[PDB]
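J.: Chains as they are written, first to last, in the deposited numbering: chain A, 454 to 553; chain B, 705 to 905; chain C, 303 to 352; chain D, 2 to 299; chain E, 52 to 101; chain F, 52 to 101; chain G, 182 to 252; chain H, 1 to 236; chain I, 605 to 704.
Virtual Cβ for every residue (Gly too), placed ideally from N, Cα, C.
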Amino acid sequence: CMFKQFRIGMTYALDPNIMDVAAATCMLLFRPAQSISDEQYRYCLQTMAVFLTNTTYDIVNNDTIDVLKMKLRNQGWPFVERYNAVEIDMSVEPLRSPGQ
Amino acid sequence: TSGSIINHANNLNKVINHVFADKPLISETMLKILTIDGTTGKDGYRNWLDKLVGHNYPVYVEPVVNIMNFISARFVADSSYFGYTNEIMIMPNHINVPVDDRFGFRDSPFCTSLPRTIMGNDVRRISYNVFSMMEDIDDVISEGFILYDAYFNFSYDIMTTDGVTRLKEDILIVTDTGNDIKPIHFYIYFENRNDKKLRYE
Amino acid sequence: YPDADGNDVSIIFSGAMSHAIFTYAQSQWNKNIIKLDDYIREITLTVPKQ
Amino acid sequence: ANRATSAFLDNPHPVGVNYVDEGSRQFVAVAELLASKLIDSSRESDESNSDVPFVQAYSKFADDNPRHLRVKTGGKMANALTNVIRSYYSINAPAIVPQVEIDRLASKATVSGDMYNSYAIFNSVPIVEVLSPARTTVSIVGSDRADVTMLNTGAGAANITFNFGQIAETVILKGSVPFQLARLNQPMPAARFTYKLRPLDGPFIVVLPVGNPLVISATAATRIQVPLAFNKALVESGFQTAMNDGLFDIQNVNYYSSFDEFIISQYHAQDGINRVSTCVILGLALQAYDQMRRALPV
Amino acid sequence: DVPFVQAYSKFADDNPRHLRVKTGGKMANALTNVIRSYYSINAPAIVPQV
Amino acid sequence: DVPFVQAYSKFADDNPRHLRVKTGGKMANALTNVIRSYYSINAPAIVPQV
Amino acid sequence: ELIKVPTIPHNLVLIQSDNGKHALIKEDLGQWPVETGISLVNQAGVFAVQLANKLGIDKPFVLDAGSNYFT
Amino acid sequence: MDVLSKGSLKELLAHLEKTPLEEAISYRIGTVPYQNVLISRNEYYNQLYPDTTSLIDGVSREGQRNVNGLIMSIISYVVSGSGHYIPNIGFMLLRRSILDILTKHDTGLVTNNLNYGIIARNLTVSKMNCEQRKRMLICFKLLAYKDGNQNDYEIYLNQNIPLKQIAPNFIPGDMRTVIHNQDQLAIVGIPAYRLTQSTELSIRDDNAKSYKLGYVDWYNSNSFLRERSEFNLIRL
Amino acid sequence: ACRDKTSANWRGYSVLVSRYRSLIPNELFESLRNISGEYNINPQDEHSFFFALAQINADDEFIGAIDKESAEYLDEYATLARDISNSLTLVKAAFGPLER
Numbered sequence: 454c455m456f457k458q459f460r461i462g463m464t465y466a467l468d469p470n471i472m473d474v475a476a477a478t479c480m481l482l483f484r485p486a487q488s489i490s491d492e493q494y495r496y497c498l499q500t501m502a503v504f505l506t507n508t509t510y511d512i513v514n515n516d517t518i519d520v521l522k523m524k525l526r527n528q529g530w531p532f533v534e535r536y537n538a539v540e541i542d543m544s545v546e547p548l549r550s551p552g553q
Numbered sequence: 705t706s707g708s709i710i711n712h713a714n715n716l717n718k719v720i721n722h723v724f725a726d727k728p729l730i731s732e733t734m735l736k737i738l739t740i741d742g743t744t745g746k747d748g749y750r751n752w753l754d755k756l757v758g759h760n761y762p763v764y765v766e767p768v769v770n771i772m773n774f775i776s777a778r779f780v781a782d783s784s785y786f787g788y789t790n791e792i793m794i795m796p797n798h799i800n801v802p803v804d805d806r807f808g809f810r811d812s813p814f815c816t817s818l819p820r821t822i823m824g825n826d827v828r829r830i831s832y833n834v835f836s837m838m839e840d841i842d843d844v845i846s847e848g849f850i851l852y853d854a855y856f857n858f859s860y861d862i863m864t865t866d867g868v869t870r871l872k873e874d875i876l877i878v879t880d881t882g883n884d885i886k887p888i889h890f891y892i893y894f895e896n897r898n899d900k901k902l903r904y905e
Numbered sequence: 303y304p305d306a307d308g309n310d311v312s313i314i315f316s317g318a319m320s321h322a323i324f325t326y327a328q329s330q331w332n333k334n335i336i337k338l339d340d341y342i343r344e345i346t347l348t349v350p351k352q
Numbered sequence: 002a003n004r005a006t007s008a009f010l011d012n013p014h015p016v017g018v019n020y021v022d023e024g025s026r027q028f029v030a031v032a033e034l035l036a037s038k039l040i041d042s043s044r045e046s047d048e049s050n051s052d053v054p055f056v057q058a059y060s061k062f063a064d065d066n067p068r069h070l071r072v073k074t075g076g077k078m079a080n081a082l083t084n085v086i087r088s089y090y091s092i093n094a095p096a097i098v099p100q101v102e103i104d105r106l107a108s109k110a111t112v113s114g115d116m117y118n119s120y121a122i123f124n125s126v127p128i129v130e131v132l133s134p135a136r137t138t139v140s141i142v143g144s145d146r147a148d149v150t151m152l153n154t155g156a157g158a159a160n161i162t163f164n165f166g167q168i169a170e171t172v173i174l175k176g177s178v179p180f181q182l183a184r185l186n187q188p189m190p191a192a193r194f195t196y197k198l199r200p201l202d203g204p205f206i207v208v209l210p211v212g213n214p215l216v217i218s219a220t221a222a223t224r225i226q227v228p229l230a231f232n233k234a235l236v237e238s239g240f241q242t243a244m245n246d247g248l249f250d251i252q253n254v255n256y257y258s259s260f261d262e263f264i265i266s267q268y269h270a271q272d273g274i275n276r277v278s279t280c281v282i283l284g285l286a287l288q289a290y291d292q293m294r295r296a297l298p299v
Numbered sequence: 052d053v054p055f056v057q058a059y060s061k062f063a064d065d066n067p068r069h070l071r072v073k074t075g076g077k078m079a080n081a082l083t084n085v086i087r088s089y090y091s092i093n094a095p096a097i098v099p100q101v
Numbered sequence: 052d053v054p055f056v057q058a059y060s061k062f063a064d065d066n067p068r069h070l071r072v073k074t075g076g077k078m079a080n081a082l083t084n085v086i087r088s089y090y091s092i093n094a095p096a097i098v099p100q101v
Numbered sequence: 182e183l184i185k186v187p188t189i190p191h192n193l194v195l196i197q198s199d200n201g202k203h204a205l206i207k208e209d210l211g212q213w214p215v216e217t218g219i220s221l222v223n224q225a226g227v228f229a230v231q232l233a234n235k236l237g238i239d240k241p242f243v244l245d246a247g248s249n250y251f252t
Numbered sequence: 001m002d003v004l005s006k007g008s009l010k011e012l013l014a015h016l017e018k019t020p021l022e023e024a025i026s027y028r029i030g031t032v033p034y035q036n037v038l039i040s041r042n043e044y045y046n047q048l049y050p051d052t053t054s055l056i057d058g059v060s061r062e063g064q065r066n067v068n069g070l071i072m073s074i075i076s077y078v079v080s081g082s083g084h085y086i087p088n089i090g091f092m093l094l095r096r097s098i099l100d101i102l103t104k105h106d107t108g109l110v111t112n113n114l115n116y117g118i119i120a121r122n123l124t125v126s127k128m129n130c131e132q133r134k135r136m137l138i139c140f141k142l143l144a145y146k147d148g149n150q151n152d153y154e155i156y157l158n159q160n161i162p163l164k165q166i167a168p169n170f171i172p173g174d175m176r177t178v179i180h181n182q183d184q185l186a187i188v189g190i191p192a193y194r195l196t197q198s199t200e201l202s203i204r205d206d207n208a209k210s211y212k213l214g215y216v217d218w219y220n221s222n223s224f225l226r227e228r229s230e231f232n233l234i235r236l
Numbered sequence: 605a606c607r608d609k610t611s612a613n614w615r616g617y618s619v620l621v622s623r624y625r626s627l628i629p630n631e632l633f634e635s636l637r638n639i640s641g642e643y644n645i646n647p648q649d650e651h652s653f654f655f656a657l658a659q660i661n662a663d664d665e666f667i668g669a670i671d672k673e674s675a676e677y678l679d680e681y682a683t684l685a686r687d688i689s690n691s692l693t694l695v696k697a698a699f700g701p702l703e704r
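1) So residue 706 of chain B contacts chain A; which residues on that side make the cut at Cβ distance below 8 Å?
2) Going by CA-CA distance only, name the one from D:47, D:264, D:170, D:19 that's closest to residue 86 of chain D.
3) What number of angstroms, rounded off, separates the C-alpha of residue 12 of chain H from the C-alpha of residue 139 of chain H?
4) Kindly indicate the opening and closing residues of the alpha helix (DSSP H) around residue 105 of chain D.
5) Compare the C-beta of residue 96 of chain D against all C-beta atoms of chain H and say whether one is closer than 8 Å.
6) For chain A, check one thing: does any of its Cβ atoms lie closer than 8 Å to the Cβ of residue 610 of chain I?
7) Would you kindly work out how many angstroms separate the C-alpha atoms of residue 618 of chain I and residue 57 of chain E, rounded to a whole number?
8) Measuring CB to CB, does residue 849 of chain B end up less than 8 Å from residue 794 of chain B?
9) Tell me whether the beta-carbon of residue 224 of chain D lies closer than 8 Å to the beta-carbon of residue 205 of chain D.
10) Output yes if chain B places a C-beta closer than 8 Å to the C-beta of residue 7 of chain H; else output no.
11) Roughly how far, in whole angstroms, is the beta-carbon of residue 6 of chain D from the beta-carbon of residue 128 of chain D, given that I think they are within contact range, below 8 Å?
12) Quick one: grab the DSSP three-state call for residue 707 of chain B.
13) At least one CB of chain H closer than 8 Å to the CB of residue 57 of chain D: is that the case?
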């Protein structure tokens with residue numbers, strides 16, 4: 454939250470379980486979209502597709518984000534998008550220093 | 705803004721702590737509803753209060769609301785009934801001010817209204833905060849002024865006998881870190897006009 | 303002997319280098335020695351207006 | 002030759018020279034801030050069916066609680082605000098309010114008395130002089146939009162000299178029929194409806210052909226430094242109220258339809274930059290006066 | 052000056068220095084030139100899409 | 052801006068201000084008027100002795 | 182329940198000088214401290230409930246003073 | 001600084017008793033008053049700022065050696081903190097205090113045949129504020145009562161209604177009027193909070209602001225510097 | 605459950621991020637803008653973080669609107685700045701140009 458340049462990543466198992474999907478959806482909901490990269494976004498979509506839809510990682514490889522979103526929406530999964538975080542405007546009182 | 709969020713969080717905790725202290729304001733029936741998920745009673749009430757902020761729900765005005773509102777209005781409007789006033793006047797003895805003479809008090813400290821003009825000139829008015837920071841107070845009190853922008857608590861004891869009407873303590877205290885007005889307590893005495901001793905005092 | 307501003311001036315027989323170094327050190331510390339009233343003025347500029 | 006000048010630019014009376022220091026300017030800014038809170042509190046009092054918001058606002062403004070039997074004048078702040086307005090208009094005003102009252106009222110709120118942090122545009126047309134030859138009749142009507150009507154009864158075409166002063170920034174000049182206008186020592190262009198001119202680059206000459214009269218409409222804009230809280234809508238309303246209330250009834254003064262005419266007339270004096278700052282402070286006082294009087298009618 | 056510094060930072064994407072005159076930065080530059088482009092065809096229209 | 056603020060504060064008895072051109076304060080005003088007075092007798096004497 | 186108030190709270194005292202020349206009637210509603218720098222209305226609300234407790238009007242009541250008389 | 005700081009009639013009259021006439025006058029030639037000049041105010045405008053030099057600007061100006069020049073110098077000192085340049089006044093009048101010049105017959109100065117309207121016009125009474133107007137009328141009343149011209153003082157006040165409203169309420173011969181007077185006459189003083197170190201447009205306004213800003217420093221650091229010179233010396 | 609815990613406990617974390625930011629001087633913050641990185645979190649840790657989301661009170665830290673500990677911690681950097689310049693100049697004068 455303090456530094457925009459930092460990022461959040463994950464690594465799931467070859468066969469995702471219900472916890473892997475739970476972890477993936479918790480990140481896309483309650484973490485800044487500026488922290489999750491495009492490549493991490495596709496991986497989070499892929500691990501959800503492998504569990505919710507009957508498919509393996511090799512099949513969903515070379516699949517674009519739009520195709521993965523269509524696959525999950527048809528199955529009935531609505532959590533397929535990233536959410537941006539609002540910027541809170543902060544000031545530090547000067548005291549002896551000039552202030553920031 | 706970070707300031708608004710910090711202010712909201714601190715004020716909310718103060719309300720919750722005060723509400724749940726001694727006898728709780730909220731009955732046990734509402735606590736059971738708010739603790740169904742598993743959160744504690746304090747936490748469940750705290751989240752509900754946050755949601756209600758900005759509500760447009762109409763709330764009916766019960767009779768005890770009106771009674772307290774009526775008393776609160778009279779508290780502000782008629783301050784002298786309850787022992788506090790909004791302004792005071794400090795004058796030297798040699799300056800003659802018009803005072804209330806209905807009660808037959810010797811050197812009555814009461815006036816019908818604080819004078820707008822004395823000796824043809826408007827009385828200087830100084831706010832308490834400005835007066836506290838004044839370092840030339842010795843020159844100012846020579847002429848006389850009116851202290852305002854503060855609430856002054858005062859008490860008086862009416863004495864049946866005759867004597868010098870004086871304050872219990874000194875008027876002001878002068879320190880390095882500002883000035884202040886000491887607590888006001890009046891010893892008011894009834895007046896015999898032909899007592900030369902008490903007149904000279 | 304006394305100076306015009308009340309300081310005491312000592313005339314002695316001393317070395318050229320020892321005099322040069324000692325008096326230069328005095329002048330360096332002296333420009334950082336100021337009156338209390340001037341110090342208060344500098345402090346007042348840093349603190350807020352009230 | 003005949004000379005025609007704008008009515009509102011003739012004989013600007015001297016403005017007052019008091020209550021223009023930093024302490025007095027802070028008092029005017031405080032008065033405007035407290036007057037705005039007075040209007041807002043009355044609206045909140047009407048909405049919430051409680052007089053609590055209005056009591057707090059009136060207590061700060063007037064240093065006394067409202068009473069049902071007594072009248073709501075506004076306290077000592079109302080008297081001081083009226084007195085300073087009188088002193089600003091003319092130098093013959095009494096200027097009676099003391100400094101100890103000014104300082105005590107500026108301490109109620111913490112607002113800077115800066116009067117140069119913004120600007121405002123005043124749409125008054127300064128026509129200093131319109132020199133006309135014999136047989137040609139020139140009439141200037143209006144201040145916000147100056148219509149100049151000229152016609153020549155002579156045999157040949159005449160030259161009419163226009164002077165718009167050196168203060169206005171731009172003047173847009175529209176005629177009823179296409180006409181030719183050019184600066185001094187410049188070729189005359191083809192007749193056209195509209196002209197955009199900077200008043201600084203010398204006097205202008207308009208060729209007046211023989212025949213039907215030519216009516217030319219002028220519009221000007223001038224930028225004057227004003228405080229941030231300046232509001233032309235409120236200032237103009239306060240100007241009318243003060244004139245209606247007799248605050249400007251002082252001997253040997255001129256009167257103006259609106260505030261913009263007043264500020265441009267004083268700008269165009271022999272040394273007009275002296276009076277602009279005093280006039281600007283008067284405008285902010287009138288804005289405070291308008292808000293206070295609407296909340297507390299008398 | 053905190054509320055103004057905070058608002059100017061959002062408008063101009065920079066914290067002003069004391070000596071440098073504050074004018075609005077890139078947002079002021081883009082807005083001023085786009086205004087010119089609307090008025091007439093002959094205007095340069097030199098604002099990039101990025 | 053630390054070196055400039057210290058020098059300006061000593062020069063102008065005030066710190067540099069945002070949204071306000073820095074001209075030098077009262078020291079600049081006094082210096083500009085005495086320069087005018089030096090040139091000609093016709094120029095007025097405006098700066099007081101205090 | 183609905184409580185019944187027998188007596189009226191006049192809250193009055195009479196103070197007279199020893200020689201008897203001067204007398205006055207004073208109403209004593211108590212002393213309430215007021216703190217400056219914060220909103221007065223919020224302090225008034227706290228004192229309003231205490232004032233109502235003193236006068237016995239906080240809870241629903243009906244006045245019965247009809248039998249307080251003599252002939 | 002000391003004269004402008006006095007805020008009561010008692011303090012002002014006490015100060016004038018202890019102050020010699022040397023402090024009222026100045027030894028700097030200055031410039032001729034009543035001159036339309038252009039001054040530099042770079043805080044606000046790039047162009048030069050017009051103004052008119054006056055006797056109440058706070059800067060020494062040339063004055064004549066007649067009685068009027070001496071009176072005008074005294075009044076300027078009271079209302080602006082600085083007097084005018086009157087050449088070769090003489091040691092006899094310099095040792096006398098200001099009040100004796102105003103309210104005594106032993107100074108050898110004939111202050112009769114004085115026109116208050118002419119003096120007020122020369123001092124630009126239309127430009128001075130309430131406190132400066134009040135101080136000027138105090139000097140006029142002292143001069144009028146000493147020479148037995150109380151009628152001419154009343155005539156002057158009748159012609160000038162704005163000055164009549166704010167006229168001082170004391171009588172020069174009566175001490176009771178002085179002690180009970182409640183006028184405020186403090187041009188400068190220590191203010192609550194502070195005042196910005198910024199210039200003003202007018203010559204009078206800027207010079208007055210320079211006095212207010214420097215009063216705080218003068219208040220703290222004057223006792224020792226004055227004492228060093230006062231020690232081992234006899235007062236005039 | 606994740607959403608309910610998030611909505612109830614977001615105020616404390618928003619205040620916590622502000623308090624941490626107030627401990628950093630402006631010069632140090634500008635340098636950290638150059639660096640970049642990515643943090644890898646195990647899926648079990650992320651889900652357990654939102655599920656068992658502790659509440660941060662931070663009420664006794666603030667006296668009114670002033671945090672004494674943060675204000676005092678920022679101030680000691682000014683002492684550090686004075687020491688850095690003092691030490692650097694003294695070494696330069698004592699040793700002069702250095703040759704290897």
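T.: So, to answer that:
1) The residue given as residue 706 of chain B occupies position 2 in the second sequence. Neighbours of residue 706 of chain B on chain A, chain order: 541, 542, 543, 544.
2) Within the fourth sequence, the letter at position 85 stands for residue 86 of chain D. It is D:19 whose Cα lies nearest to the Cα of residue 86 of chain D.
3) Position 12 of the eighth sequence, counted from the first residue, corresponds to residue 12 of chain H. Position 139 of the eighth sequence, counted from the first residue, corresponds to residue 139 of chain H. Distance between the alpha carbons of residue 12 of chain H and residue 139 of chain H: 11 Å.
4) Numbered from 1 along the fourth sequence, position 104 holds the residue referred to as residue 105 of chain D. Where residue 105 of chain D is concerned, the enclosing alpha helix (DSSP H) stretches over 100–107.
5) Here residue 96 of chain D refers to the residue found at position 95 of the fourth sequence. With 8 Å as the cut-off, residue 96 of chain D counts as an interface residue toward chain H.
6) In the ninth sequence, the residue the question calls residue 610 of chain I occupies position 6. Yes - at least one Cβ of chain A is within 8 Å of the one on residue 610 of chain I.
7) In the ninth sequence, residue 618 of chain I corresponds to position 14, counting from 1. In the fifth sequence, residue 57 of chain E corresponds to position 6, counting from 1. Residue 618 of chain I and residue 57 of chain E: Cα-Cα distance of roughly 19 Å.
8) Indexing the second sequence from 1 puts residue 849 of chain B at position 145. Indexing the second sequence from 1 puts residue 794 of chain B at position 90. Result yes, Cβ atoms of residue 849 of chain B and residue 794 of chain B sit closer than 8 Å.
9) As a working note, residue 224 of chain D is residue 223 in the fourth sequence. As a working note, residue 205 of chain D is residue 204 in the fourth sequence. Contact flag unset, no.
10) Locating residue 7 of chain H in the eighth sequence gives position 7, counting from the first residue. It does; some Cβ of chain B falls within 8 Å.
11) The sequence position of residue 6 of chain D within the fourth sequence is 5, counting from 1. The sequence position of residue 128 of chain D within the fourth sequence is 127, counting from 1. Indeed, because the Cβ distance is near 7 Å, the residues count as touching under 8 Å.
12) Translated into positions along the second sequence, residue 707 of chain B becomes position 3. In this structure, residue 707 of chain B counts as helix in the three-state DSSP scheme.
13) Here the question's residue 57 of chain D lines up with position 56 in the fourth sequence. Answer no: the Cβ-Cβ gap between residue 57 of chain D and chain H never drops below 8 Å.
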